[PDB]
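**Q** Chains as they are written, first to last, in the entry's author numbering: chain C, 143 to 184; chain E, 143 to 184; chain A, 143 to 184; chain B, 452 to 486; chain F, 452 to 486; chain D, 452 to 486. A virtual CB, placed ideally from N, CA and C, is assigned to each residue, including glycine.
1) Helix, strand or coil for residue 486 of chain D? Go by DSSP, reduced to three states.
2) Could you list which residues in chain E have their beta carbon closer than 7 angstroms to that of residue 453 of chain F, in chain order?
3) Does residue 172 of chain C come within less than 8 angstroms of chain A when only Cβ atoms are used?
4) Would you please verify whether the beta carbon of residue 143 of chain C is less than 8 angstroms from any beta carbon of chain D?
5) As a quick exercise: from A:175, A:161, A:181, pick the residue whose alpha carbon is nearest that of residue 459 of chain D.
6) Quick one: give me the first and last residue of the alpha helix (DSSP H) that residue 149 of chain C is part of.
7) So if I threshold CB-CB distances at 8 angstroms, which residues from the region 154-173 of chain C count as touching chain A?
8) Quick one: which chain A residues come within Cβ less than 9 angstroms of residue 146 of chain C?
9) Give a yes or no on whether the C-beta atoms belonging to residue 476 of chain F and residue 166 of chain E are separated by under 8 angstroms.
10) Taking the alpha carbon of residue 464 of chain B as the point to measure from, which residue in A:148, A:154, A:173 has its own alpha carbon closest?
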């Protein structure tokens, strides 16, 4: 039980690090699409 | 352990809430690129 | 405690697959915006 | 603009399919969690 | 054009919102693990 | 057009590098869970 609990916590804190990367990638993609709307707008 | 589990449960539910949010951001990003495409096509 | 654990394992295995898919989606959204950009340049 | 629409439309179609797949797997993960 | 501009900017605005909400939830998830 | 172009290609570059980083981290987590 105790090993698997320590396993799960290790896994999940890595998973959170992955999500944090996908989340920063999202913010960058938004700036890129805004890049395109800025050339159209101007 | 009983309660270290509930702490991992609480954490995974919240992680699951963070992913669902980024997923809604994805859908919205797709709508934004499709808006650029619709304009080019027309 | 043992069954609460295996359920957390299976929930995080599934959560990791959801993230993999969101990851692949963001790779597709980059190719899309890049396609738009190449048309503007060319 | 035939190579452009083909490449953008197909990538947005694939992105949308992956985001729907991910929604399916989150609902599955949330449900496994309730149980 | 006007509809194109509106559609893009409102969806991009809501994407930011959702990615802020996600950040907050991530920092919460971490808080609960440390406990 | 020079500014717009680079703002868009620079941001798709750092996005792409964030997405590969997340794949590294996600593969890592699947392997840690498997044990």
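**A** Result, derived from the coordinates:
1) Here residue 486 of chain D sits in coil by DSSP.
2) By Cβ distance, chain E contributes nothing, its closest Cβ being about 10 angstroms from residue 453 of chain F, past 7 angstroms.
3) With 8 angstroms as the cut-off, residue 172 of chain C does not count as an interface residue toward chain A.
4) Closer than 8 angstroms: no.
5) Comparing Cα positions, the closest option is A:175.
6) 144-183 is the extent of the alpha helix (DSSP H) around residue 149 of chain C.
7) Considering only beta carbons, the part of the region 154-173 of chain C lying closer than 8 angstroms to chain A consists of 154, 157, 160, 161, 164, 167, 168, 171, in chain order.
8) Identification of chain A residues near residue 146 of chain C by a Cβ-Cβ cut-off of 9 angstroms yields 144, 147, 148, 150, 151, ordered along the chain.
9) For the pair residue 476 of chain F and residue 166 of chain E, the CB atoms are not nearer than the 8 angstroms cut-off.
10) With distances taken between Cα atoms, residue 464 of chain B lies closest to A:173.
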